[PDB]
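**Student:** Fold the following, please.
(chains A, B, C, D and E)
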Amino acid sequence: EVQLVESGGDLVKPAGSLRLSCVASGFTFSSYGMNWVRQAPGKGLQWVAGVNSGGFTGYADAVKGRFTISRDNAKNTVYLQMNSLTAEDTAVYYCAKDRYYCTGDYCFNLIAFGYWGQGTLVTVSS
Amino acid sequence: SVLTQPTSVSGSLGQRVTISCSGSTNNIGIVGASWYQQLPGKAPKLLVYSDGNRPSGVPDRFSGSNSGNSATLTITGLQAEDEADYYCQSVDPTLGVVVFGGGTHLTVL
Amino acid sequence: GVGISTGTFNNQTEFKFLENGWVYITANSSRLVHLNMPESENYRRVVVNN
Amino acid sequence: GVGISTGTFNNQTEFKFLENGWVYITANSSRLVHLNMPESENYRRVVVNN
Amino acid sequence: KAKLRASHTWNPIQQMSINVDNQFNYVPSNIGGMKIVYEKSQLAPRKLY
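**Tutor:** Numbers count the residues shown, from 1 in each chain, chains lettered A, B, ... in the order given. There you are, the coordinates:
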């Protein structure tokens, strides 16, 4: 069965940077997109970024100018790079898989997360 | 673009429960909402797809529908298993931004 | 004869190229085949019914 | 003349196969080249020292 | 002038291929963009000794 495992949580200064990683298994990794969704403490889920088979990425307006996401289909791994962090970014970040098969530039027209990981904590404070 | 959900919804065991998510022609009027379940402190679980289908093993109790710019999740035969938090998720095709709702807490009486 | 071998083992595949982009592929296969005597010399007519 | 073309554009690659597994690869390349008149008609001797 | 290779081993050898990762390095973009990516040349092995 599909299984995902995340890592990379840490505590950083109010103006630092951090990088997170997930490892996936159980499916045709190159066929489905992988996404980063975060949840501030006591708040609802919020989407951060997503990356498809060919390296194409999509970022929310809240992180579009700061963050970066990448893949490695030969290693079934997805990375997220965060720069110029601020306190509001503090949240547990969840790594998920899409139900739909999309590969290239024209994704993000239909997204539905069907499997989820365990989550990793990101804290931005002095 | 953001989706709108009611803060909480209450129902009694054995009754019917309805949770409503409101959007726009840009997000829900083209791609319907998908509903998620989150136990306190656990990773979310998908319940109903945008087309009304459910993941394997989800009881038929859970159902969804889309009308105009609003979507709803209907839970029938409310059981004690359903005390959790629920979210609506939709994607904006115009901008390419995935939109979640604010979340709604379900209270079983 | 009793002590004279009657053939040679060959398991090579030869790609011989011809005119106009054609290739003559010759697949050679050699096996040692183990054959036990049959359970019975007779022909049987058997019916299976599961 | 003024209005007669003096050549043909060709940018194909041909793989003519020969005997004994050899291929005659003929690569054709054709470009349109844009040339401006030089900054000066004179030769220069220029020294660079960073 | 080039020589066609021959299979000398049971196992297959490395070959250059189009895959879902590099698919769009070899086709134009919606506004005509083009690129040519570097490709390796000595893919097959040969025994030195």
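**Student:** Tell me the spacing between residue C:10 and residue D:20.
**Tutor:** Taking Cβ to Cβ, to the nearest Å as the measure, residue C:10 and residue D:20 are separated by 22 Å. C-beta: built from backbone N, CA, C; applies to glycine.
**Student:** ignore the last one, residue A:75
**Tutor:** 44 Å.
**Student:** go on, residue A:76?
**Tutor:** Note on residue A:76: its distance to residue D:20, by Cβ to Cβ, is 46 Å.
**Student:** Just confirm residue B:22 contacts residue B:4, I think it does.
**Tutor:** Yes. Using Cβ atoms under 8 Å as the test, residue B:22 is close enough to residue B:4 to be in contact (4.3 Å).
**Student:** Establish whether stretch A:46-59 and chain B are in contact.
**Tutor:** Yes. Using Cβ under 8 Å from any Cβ of the partner chain, stretch A:46-59 reaches chain B at A:46-47, A:50, A:58.
**Student:** Next, the buried residues of that stretch.
**Tutor:** Across stretch A:46-59, burial judged by 16 or more other Cβ atoms under 10 Å in any protein chain shown covers A:46-54, A:56-59.
**Student:** What is the nearest of the residues you listed to chain C?
**Tutor:** residue A:54 (34.3 Å; Cβ to the nearest Cβ).
**Student:** Can you name the residues that contact the closest one?
**Tutor:** A:103-105, E:20-21, E:23-24 (Cβ atoms under 8 Å, 6 or more residues apart in numbering or on different chains).
**Student:** So which of these belong to strands?
**Tutor:** Using DSSP state E to define strands, no part of the contacts of residue A:54 is located there.
**Student:** Pick out the most distant pair among these.
**Tutor:** A:105 and E:21 (13.6 Å; Cβ to Cβ).
**Student:** What does residue A:57 show for phi and psi?
**Tutor:** phi -130, psi 160 (degrees, to the nearest 10).
**Student:** and it, bridged to which residues?
**Tutor:** residue A:51 (DSSP bridges).
**Student:** Let me know how buried the residue in chain E that chain D sits nearest to is, in neighbour terms.
**Tutor:** Residue nearest to chain D within chain E: residue E:4 (4.4 Å; Cβ to the nearest Cβ). Neighbour count for residue E:4, taken as other Cβ atoms under 10 Å in any protein chain shown: 12.
**Student:** For it, give me its contacts.
**Tutor:** C:15, C:17, D:21-23.
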